[PDB]
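Q: Pasting in a structure now, in structure tokens, and then I'll have a few things to ask.
Where a number appears in this text, it was derived from the coordinates with a stated rule and is not lab data. Because the Cβ atoms are built from the backbone with ideal geometry, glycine has one as well, and the counts that use them run over all protein chains shown.
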Amino acid sequence: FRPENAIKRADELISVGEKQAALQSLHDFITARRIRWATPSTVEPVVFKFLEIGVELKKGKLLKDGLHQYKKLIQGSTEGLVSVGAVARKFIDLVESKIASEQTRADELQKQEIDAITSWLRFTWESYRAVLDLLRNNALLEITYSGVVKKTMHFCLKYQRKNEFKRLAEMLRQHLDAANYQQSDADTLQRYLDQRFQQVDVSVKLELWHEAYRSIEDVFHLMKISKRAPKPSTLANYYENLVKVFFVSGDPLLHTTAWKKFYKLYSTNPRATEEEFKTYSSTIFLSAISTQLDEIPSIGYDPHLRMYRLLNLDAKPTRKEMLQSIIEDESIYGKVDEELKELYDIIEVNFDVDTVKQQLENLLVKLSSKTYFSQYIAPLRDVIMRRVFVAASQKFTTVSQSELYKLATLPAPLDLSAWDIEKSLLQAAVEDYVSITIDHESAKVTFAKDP
Amino acid sequence: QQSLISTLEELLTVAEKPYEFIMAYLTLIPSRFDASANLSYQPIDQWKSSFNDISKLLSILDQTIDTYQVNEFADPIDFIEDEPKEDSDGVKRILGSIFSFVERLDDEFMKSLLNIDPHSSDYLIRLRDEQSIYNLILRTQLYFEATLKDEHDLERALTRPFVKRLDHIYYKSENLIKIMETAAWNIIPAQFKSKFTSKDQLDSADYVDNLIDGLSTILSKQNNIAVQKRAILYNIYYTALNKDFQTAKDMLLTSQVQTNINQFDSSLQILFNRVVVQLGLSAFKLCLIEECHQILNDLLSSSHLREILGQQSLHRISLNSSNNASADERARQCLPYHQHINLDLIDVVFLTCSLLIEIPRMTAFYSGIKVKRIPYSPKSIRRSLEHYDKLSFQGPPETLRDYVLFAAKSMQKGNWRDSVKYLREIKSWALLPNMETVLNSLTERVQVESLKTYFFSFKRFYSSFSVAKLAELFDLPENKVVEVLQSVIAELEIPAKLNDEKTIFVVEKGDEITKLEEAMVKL
Amino acid sequence: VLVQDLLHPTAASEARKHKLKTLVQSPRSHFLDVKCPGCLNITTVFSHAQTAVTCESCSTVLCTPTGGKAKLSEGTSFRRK
RNA sequence: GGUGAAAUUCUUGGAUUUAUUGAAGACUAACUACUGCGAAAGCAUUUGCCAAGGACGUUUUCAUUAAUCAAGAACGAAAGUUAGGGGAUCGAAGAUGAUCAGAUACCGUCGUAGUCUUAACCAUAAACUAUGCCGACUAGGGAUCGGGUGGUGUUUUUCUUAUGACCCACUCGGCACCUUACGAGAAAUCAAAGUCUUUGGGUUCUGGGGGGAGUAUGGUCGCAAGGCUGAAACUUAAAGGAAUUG
RNA sequence: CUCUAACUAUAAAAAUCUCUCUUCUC
Ligand SMILES: [Mg+2]
Ligand SMILES: [Mg+2]
Ligand SMILES: [Mg+2]
Ligand SMILES: [Mg+2]
Ligand SMILES: [Mg+2]
Ligand SMILES: [Mg+2]
Ligand SMILES: [Mg+2]
Ligand SMILES: [Mg+2]
Ligand SMILES: [Mg+2]
Ligand SMILES: [Mg+2]
Ligand SMILES: [Mg+2]
Ligand SMILES: [Mg+2]
Ligand SMILES: [Mg+2]
Ligand SMILES: [Mg+2]
Ligand SMILES: [Mg+2]
Ligand SMILES: [Zn+2]
């Protein structure tokens, strides 16, 4: 019939008391056969009332059914598809307002506790999933997915649930499989990509480390399979998040390369300050120095080769090659503070432990004069400690323990215990650079590798 | 049905005699239940009205005790009988009614609570109504113990309320059970006939256990064996909850109820699952690591822990299978939320067991010694470690399994502080009834297993390493360290010069290459 | 058609046809051992039971009259034998 | 009004229509079909009661109790006859106004008995499917009605099972249908009108050219109308059936 | 290899008919 009479009858069913009759009536109006023949764009507000009472009610799968029938009634041209996309974005916005209402009820309930929202959250999340599954394989819907993605992303931000991301990601995977299954819109791929960027941004907006990294690896696969290069505006913070992941995740060379890429992306944005460039270069340089050496071909297959599939590279360089490449660069090398460069030249070339530690006592407090030393201490500290180990092995073999205990003792910001010293030496020996014989009858250490 | 229900209520209002009241209720209450028999759960107000006029039935019988069924001169009724015609005796063909009403209410209530959101307030008020259901159970038990006199008939008609007294009591602590009993006895100002004389004293502590054990003792005398197995499983349930673990293990060994349980229905197996996991948890409370290792090696060996234990919603079970016949079957055996034992606690207990049993032994296996480690425990922590070793992510922890695996990797590496820090970070331990002592025992055992795995790991690049310094830096008594070292040397016979007057080793002899060379030189 | 083996019809074809028209006039019915949800006893019932079969143990009528087979009582368990 | 055209007839006491009501008896529209029930006639608003029956289901019961059937019986459309009750409509008779050569016929208006009933006679109809009943077999196809079968079936909706309603593959029975002849017929046609000269399943009742004639007469039933039974004298070479061409 | 929409509106009267019917064989 008429949208206004439909709204009147839904209002009457609000009045008498039965809202499910309002839902069924609005379903009758929207899903009628004549909506196929009549222009769906003209009859918009019946769907709006359907949305209103559906929010009042608890029937989200019938919402999905009504929306899918209203698609099925208009499958030829773009006008009705834009109309249904608008009503779908309105539905997503309205259920997000309902989620805010449930949040304020939960806040009041918390105050009463001091002085089941999960049901409504599950209902609304399943409504989101039904909307997402419904809008698959349809082409001309463009702003529709953008609106749905944005409001769903707000939904994921407001509440903390890790299984919702898994469900959403796998369902998008199946949707892209279906889209491949039924292949004139080149914005769809970029739309999924931007959904992924919002996923990453919110996943790092609140206390997550693996969700964002999984979305990021999917983003890498999407870049490489597709043609277009993502937005530098969002890729800057995207690689900031990617750097946030590489703190303990494993290989630190990937952290160095990604933080280099963040420096590269920050080199052209309107917000450009040169002391920030100095600080970013110092951070990159200290992180690169913190990277642990890897000079020995391993046994069999080290399972740390699948990571380099995140930064477009496959060949395996060493830390020395990476730092030489950093030296070959210009943007970083013209902005690093000179004291860190001095300490670097102390660390690697002519790493005589006595003079290196003395220059550490000279330059470590000054290295903390600017707020950059807190970034990477532990791997750099382990590097200097392993350097003490290797230099002591090179120097002499016949020696007692306590001499090593005091020749390995480090200044305040990089110091450890004696058992820490022994355990670090033990696990550097487990790597099997040079085997050692450690006796304790007179507390002696002897480096024995027959040349 | 609804108009007939209203008509019977009208006739109850018109009726005057108590026997007419009881007959009208006997015609009406099952009509209401049949009007609410197709539904999953009944209207709360209508179900409470059925509860209330069932209690009305019981109270009016209490006003007409043993008189509506005339005395044993003629046990069947004598006066007007031509109209209903359904009067043959007054023993069990008419008396066997009210417990049926109670149990129908209880079945509908259980289906409702499984069909209600556990975290909602309506679930809590339904629990408050379950309190009244148990009080009605007690009132019905009192009335039925009053009615039947012959001990055979009394037993046959009164073991069922013993089962009911079990079914809604066993889980809570003794205090709240005493409170429930006192409240029920207050709700009945007058009636008092019981086999066990509860009203006389409610001031002792060894009373809930005594009452439940008396229920099991009285229950063991009737012919039904499945009910007897049910009662012994409930005894295990209660003992592993409150009493201790030694008694539960001893009566498990006394009852040997293992072979008749799977041939029967699934409820027996469900209760077996719950009591076995409960006793494993209690053994871990009493610091029995290898014991609960042996215990939980039955349910967690298989991948599924949802169906077998029975702790689940319906959406999470409606996707594993897609047919309607089992969607009402795969969910019918579901378990009440006021009964649940945390899956997180079970998983972290089993994972801690795997960490304490395997990692030192797997270190000894990797070192080169093969003398003892024959078996391969199903679904151990080694498979999780290998699967983690198979993937591309090696970063921060995500769940309880990740924290357990990282505690295992710190265990392997040589330290113990990261493992205990993760265990304190593992927040599945907030449900331990005993916190301080079990945490101290776990800390000491983490220390000792780290020291053992360090003994296994480094004996090749070492020729001498300290033992008392290890004890000081690992917080273990030195004598306990040397005793653990002697135990290890008995288990493996490691070639090593071990001393107490010296506290210094002499290890450089040879692990296995020398022995193979010796055997080849032999012949 | 035009050449068969009436001695050896296909068993699928054999049960396909109507009884009283097969090779040997055999009955379609069978006997089910039904247990009430209440009592664990086993009570035998003819598949197309006519009367309202009652378990002698308790008034728990298991199968109701119908044109075809008697309809069970939603709680019992039947075994083919 | 009414018709092909018109007149008779009612109408300023206002006929025709326009509304409300109320009375009577009538029938049960449209649902309504190659669909159902019954032995046939016949049966169509709703509801209750009364009894009955078919078909289906049945590892229920008896064991030839079976088929048709002279004699005997029960029903038996409409019209008709008694009597009593009702009396709308419609209409044999009659009265009319037309058409025509005549029209006391067809068209047109009024109108008696009937039409509807209540008990009793009447027992005939193109009471036709112009195919007697009970059996067995033989060819392809669909639907349809009644029952009962099996679905991992669909929507149903009461969350889900249960029903119901549908979809499929059935099967038993019923009205039927379509295609075909490889069977029949003289053909029209028939799935029986086949299984008939290669002549035999069991059984009743009818006809022997057409007229005379269902007439004469005698019975017999009926008040009456008339029904059942039922010829002959005599008169003729055709009557008749189906199809073909004009 | 996807489907089920249109439709109209006539009647007056006209009866009868004498013959003559004749082969197919090469
Ligand atoms: Mg007038
Ligand atoms: Mg009608
Ligand atoms: Mg019909
Ligand atoms: Mg006769
Ligand atoms: Mg008549
Ligand atoms: Mg005239
Ligand atoms: Mg006349
Ligand atoms: Mg006339
Ligand atoms: Mg007239
Ligand atoms: Mg006749
Ligand atoms: Mg003749
Ligand atoms: Mg004649
Ligand atoms: Mg005569
Ligand atoms: Mg002819
Ligand atoms: Mg003349
Ligand atoms: Zn029973």
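Q: Checking the structure you have, find out if any residue of the stretch B:140-155 is within 14 Å of another protein chain (Cβ to nearest Cβ) and not basic (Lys, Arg).
A: no
Q: Conditions first: (1) over 19 Å from B:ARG230 (Cα atoms); (2) exposed (fewer than 15 other Cβ atoms within 10 Å of the Cβ). B:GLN258 passes all but one, so which condition is the exception?
A: That leaves (1) as the condition not met.
Q: Answer yes or no: is there a residue in the stretch A:27-36 that is touching a helix residue (DSSP H, G or I) at 6+ places or on another chain (Cβ under 6 Å) and over 22 Å from A:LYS72 (Cβ atoms).
A: Scanning the stretch A:27-36, I find no residue that is touching a helix residue (DSSP H, G or I) at 6+ places or on another chain (Cβ under 6 Å) and over 22 Å from A:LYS72 (Cβ atoms), so the answer is no.
Q: Check whether at least one residue in the stretch A:315-329 is at positive phi, more than 14 Å from chain B (Cβ to nearest Cβ) and in a loop (DSSP other than H, G, I, E, B), and report yes or no.
A: no
Q: Taking the stretch A:81-140 as the search range and keeping residues that are more than 14 Å from chain B (Cβ to nearest Cβ) and of a type in the set (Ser, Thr, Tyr), which one is surrounded by the fewest Cβ atoms within 10 Å (Cβ to Cβ)?
A: Filtering the stretch A:81-140 for residues that are more than 14 Å from chain B (Cβ to nearest Cβ) and of a type in the set (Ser, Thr, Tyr), the one surrounded by the fewest Cβ atoms within 10 Å (Cβ to Cβ) comes out as A:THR104.
Q: Report yes if some residue within the stretch B:491-506 is closer than 25 Å to A:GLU422 by Cβ, part of a helix (DSSP H, G or I) and in contact with a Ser or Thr (Cβ under 8 Å, 6 or more places away or on another chain); otherwise report no.
A: No.
Q: Something else now. Of everything in the stretch B:14-32, what is within 14 Å of another protein chain (Cβ to nearest Cβ) and either of a type in the set (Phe, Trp, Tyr) or away from ligand 16 (no atom under 16 Å from the Cβ) (or both)? Give them in sequence order.
A: B:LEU26 - this is the single residue of the stretch B:14-32 that is within 14 Å of another protein chain (Cβ to nearest Cβ) and either of a type in the set (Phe, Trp, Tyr) or away from ligand 16 (no atom under 16 Å from the Cβ) (or both).
Q: Just need a number here: residues in the stretch B:152-161 that are within 20 Å of B:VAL70 (Cα to Cα) and surrounded by fewer than 17 Cβ atoms within 10 Å (Cβ to Cβ).
A: Residues in the stretch B:152-161 being within 20 Å of B:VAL70 (Cα to Cα) and surrounded by fewer than 17 Cβ atoms within 10 Å (Cβ to Cβ): 2 in total.
Q: Does A:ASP439 fit the bill of being buried (at least 16 other Cβ atoms within 10 Å of the Cβ) and more than 25 Å from A:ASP251 (Cα to Cα)?
A: Taking the combined requirement at face value, the residue satisfies it.
Q: Next up: Restricting attention to the stretch B:362-390, report how many residues are closer than 30 Å to A:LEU425 by Cβ and either assigned to a helix (DSSP H, G or I) or within 11 Å of chain A (Cβ to nearest Cβ) (or both).
A: Matching residues across the stretch B:362-390 total 12.
Q: Going through the stretch B:398-450 one residue at a time, which ones are touching a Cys at 6+ places or on another chain (Cβ under 9 Å) and charged (D, E, K, R)?
A: Answer for the stretch B:398-450, where residues must be touching a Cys at 6+ places or on another chain (Cβ under 9 Å) and charged (D, E, K, R): just B:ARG445.
Q: Does any residue of the stretch B:437-448 turn out to be buried (at least 20 other Cβ atoms within 10 Å of the Cβ) and within 13 Å of chain A (Cβ to nearest Cβ)?
A: no
Q: Separate question: Mind checking which residues of the stretch A:383-424 are assigned to a helix (DSSP H, G or I), closer than 27 Å to A:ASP251 by Cβ and within 14 Å of another protein chain (Cβ to nearest Cβ)?
A: A:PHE389, A:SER393, A:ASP420, A:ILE421, A:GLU422, A:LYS423, A:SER424 - these are the residues of the stretch A:383-424 that are assigned to a helix (DSSP H, G or I), closer than 27 Å to A:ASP251 by Cβ and within 14 Å of another protein chain (Cβ to nearest Cβ).
Q: In the stretch A:425-451, what residues are more than 9 Å from chain B (Cβ to nearest Cβ) and within 21 Å of A:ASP382 (Cα to Cα)?
A: A:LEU425, A:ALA428, A:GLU431, A:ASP432, A:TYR433, A:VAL434, A:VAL445, A:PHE447
Q: Additional query: Restricting attention to the stretch A:250-276, which residues are closer than 18 Å to A:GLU217 by Cβ and in a loop (DSSP other than H, G, I, E, B)?
A: Those that are closer than 18 Å to A:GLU217 by Cβ and in a loop (DSSP other than H, G, I, E, B): A:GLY250, A:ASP251.
Q: Whether any residue in the stretch B:143-157 is closer than 17 Å to B:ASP107 by Cα, in contact with a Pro (Cβ under 8 Å, 6 or more places away or on another chain) and part of a helix (DSSP H, G or I) is what I want to check.
A: no
Q: Just to check your reading of the model, which residue among A:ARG191, A:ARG167, A:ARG196 is basic (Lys, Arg) and touching a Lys or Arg at 6+ places or on another chain (Cβ under 8 Å)?
A: None of the other options fit; the residue is A:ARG167.
Q: Continuing with this model, one more query. Among (1) acidic (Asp, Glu); (2) surrounded by fewer than 16 Cβ atoms within 10 Å (Cβ to Cβ); (3) away from chain B (no Cβ under 14 Å), where does A:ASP302 come up short?
A: Here A:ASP302 clears every test but (3).
Q: Here's a follow-up. Can you find a residue in the stretch B:461-477 that is more than 37 Å from the chain's Cα centre (by Cα) and away from chain A (no Cβ under 14 Å)?
A: Within the stretch B:461-477, one or more residues are more than 37 Å from the chain's Cα centre (by Cα) and away from chain A (no Cβ under 14 Å).
Q: Mind checking whether some residue in the stretch A:38-58 is within 14 Å of chain B (Cβ to nearest Cβ) and more than 19 Å from A:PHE1 (Cα to Cα)?
A: yes
Q: So which pairs qualify, if the first residue must be in the stretch C:33-48 and within 14 Å of chain B (Cβ to nearest Cβ), the second must be near ligand 16 (Cβ under 10 Å from one of its atoms) and of a type in the set (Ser, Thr, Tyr), the Cβ gap must be under 7 Å, and the two must be at least 6 apart or on different chains?
A: C:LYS35/C:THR76; C:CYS36/C:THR60; C:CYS36/C:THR76; C:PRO37/C:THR76; C:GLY38/C:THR60; C:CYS39/C:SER57; C:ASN41/C:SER57
Q: Given the criteria within 17 Å of the chain's Cα centre (by Cα), buried (at least 20 other Cβ atoms within 10 Å of the Cβ) and either more than 13 Å from chain B (Cβ to nearest Cβ) or not polar (S, T, N, Q) (or both), does A:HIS255 qualify?
A: yes
Q: From the list C:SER73, C:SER47, pick out the single residue that is within 30 Å of C:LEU7 (Cα to Cα), surrounded by 13 or more Cβ atoms within 10 Å (Cβ to Cβ) and either within 12 Å of RNA strand D (Cβ to nearest atom) or under 14 Å from the mean Cα position of the chain (by Cα) (or both).
A: Matching residue, one of C:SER73, C:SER47: C:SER47.
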